[PDB]
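Okay, here we've got a single chain as structure tokens, the form deposited in one PDB entry, with questions on binding and movement later.
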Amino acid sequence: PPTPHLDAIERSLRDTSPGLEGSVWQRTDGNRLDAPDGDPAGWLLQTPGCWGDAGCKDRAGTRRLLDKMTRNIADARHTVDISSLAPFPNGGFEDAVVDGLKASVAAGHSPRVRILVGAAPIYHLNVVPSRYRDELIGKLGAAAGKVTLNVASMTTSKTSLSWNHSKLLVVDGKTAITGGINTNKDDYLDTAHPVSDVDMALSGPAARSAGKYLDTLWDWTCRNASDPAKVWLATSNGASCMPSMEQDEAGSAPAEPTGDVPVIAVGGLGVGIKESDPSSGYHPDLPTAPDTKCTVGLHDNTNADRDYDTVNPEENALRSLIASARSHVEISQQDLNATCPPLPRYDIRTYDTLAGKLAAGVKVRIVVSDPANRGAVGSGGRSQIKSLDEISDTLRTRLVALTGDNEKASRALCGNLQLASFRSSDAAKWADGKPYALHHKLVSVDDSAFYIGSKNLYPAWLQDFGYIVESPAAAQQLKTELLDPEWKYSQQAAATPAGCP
């Protein structure tokens, strides 16, 4: 079965980051999207799960996610690997970890557990690694003695604003859950205005790839625990730091296939873990584009740093995913643009890819969080634009720089772009009064290949991770369960760009 989209992406990754293949990115065959019996699209873990339910009273999606987390952890024979943005998992997310670990120990297992959060320099951690570890030990009760814990919070670069943003639960290097959902109660559980988000669950070789990716983060984390300004670390039972837990579990035997799905796992190392992939011949012609709307204070890693690309293959992976689109591309994000300054306002190569698609007659849909969303920098659901015009005006600009004249740009823009704010029902706001907040990091292309992960399309220099699936059948499920409903309701909040019918 042909995989023309994964093939193009694989070429981009082998060109950008050849030395990171097998660790920070990896293509594998033989995966299974991990759906429960009698719910074939159940591998797609949407939250809160209230399409066309403005009141959203039975938040069945959140319950299905927490249940799947607990069950995966309950099945752990050897290793549990969790990463998140700070804080450490709390609320129902912590209940899932505790319940699943107690069940695993009850079944006779002595699991090793890594829990990694990234922390912004401005963010004050209320519950520090030693306190979180003590809290888990108490909740684990008698089972604590059989559980080997590594708990760590980390910041890889204070000046370039880089820390772990990946959101992973890997069990035994066999199952993996990833997506945009942060494991903290205040965004998804304890709230009447819940953020809209999506995770995906799979099993097979691509779960090991995510494990290998976490081994790269923990190799750095264990070494840099010598610098407490960068790493706070706590272990239990006198355990050592476990930098290579996933590799030790994997062994020498290659991962066993569990289905027939081809998957590209891909992440990035942000800034401050590794300066470049020094086996890489990557030599891009980096775009000359200005922006009389903003200029960065910090050196622009997104738009003007060859080295950063080579240790952040996920940036080019998303670009080449969009560039592989021969018929249509759906983008569903919190944001396309970042707050500038301190970060660049947008990723020039991404917007140039999109404009090229528009000019070639490819359909482009962009759904972002409502600009009405004001929140602090770390808020799930915030918006970094004041109006959707900051997206179409940017495409309009990149279109004239491409084509030559402005009405050629208008025919591309007005006839091929759908641009809207997220809605999940007929209500413009939650019943709560507050607006809908969108936290997806999702791209889907030609109803055949899609990314679900933690890497936003707007500029950010964090450590991120996600999966690119190519599967017409799975993308059909994605279309039915998420994209078609999203457009059904978001189109009520559509934008008509400046200069269009």
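Only residues modelled in both forms are compared. For the two forms, the rigid core is made up of the largest set of C-alpha atoms that agree within 1.5 Å on superposition. Residue numbers here begin at 1 and follow the sequence given.
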Mean CA B-factor: is it higher for 404-412 or for 88-96? 404-412
Stretch exceeding the other in mean C-alpha B-factor - 261-269, 282-290: 282-290
From the entry's CA B-factor values, the highest among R27, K68, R59, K441 is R59
Please work out which residue in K102, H299, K174, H165 has the highest C-alpha B-factor recorded for this crystal structure. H299
In terms of the CA temperature factor given in the entry, to which third of its chain does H328 belong: lowest, middle or highest? lowest
Third assignment of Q491 from its chain's C-alpha B-factors: highest
Chain-wide C-alpha B factor ranking for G375, given as lowest, middle or highest third: highest
Third assignment of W430 from its chain's C-alpha B-factors: highest
Place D53 in the lowest, middle or highest third of its chain's C-alpha B-factors, as listed in the PDB entry. highest
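Here the subject shifts to the form deposited in another entry, a form of this protein not shown in this document.
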Rigid-core-referenced C-alpha movement of 2 Å or more between the shown form and the other one, selected from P121, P341, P257, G375: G375
Given a change of 3 Å or more, say if the Cα atoms of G381 and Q46 sit closer or farther in that other deposited form than in this form. farther
Just to spell it out: taking the C-alpha atom of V377 and the C-alpha atom of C340, is that distance smaller or larger in that other deposited form than in the structure shown here, given it changes by 3 Å or more? closer
Only counting residues present in both forms, give the runs of 3 or more in a row whose C-alpha shift is 2 Å or more between the shown form and the other one, core aligned. 374-381
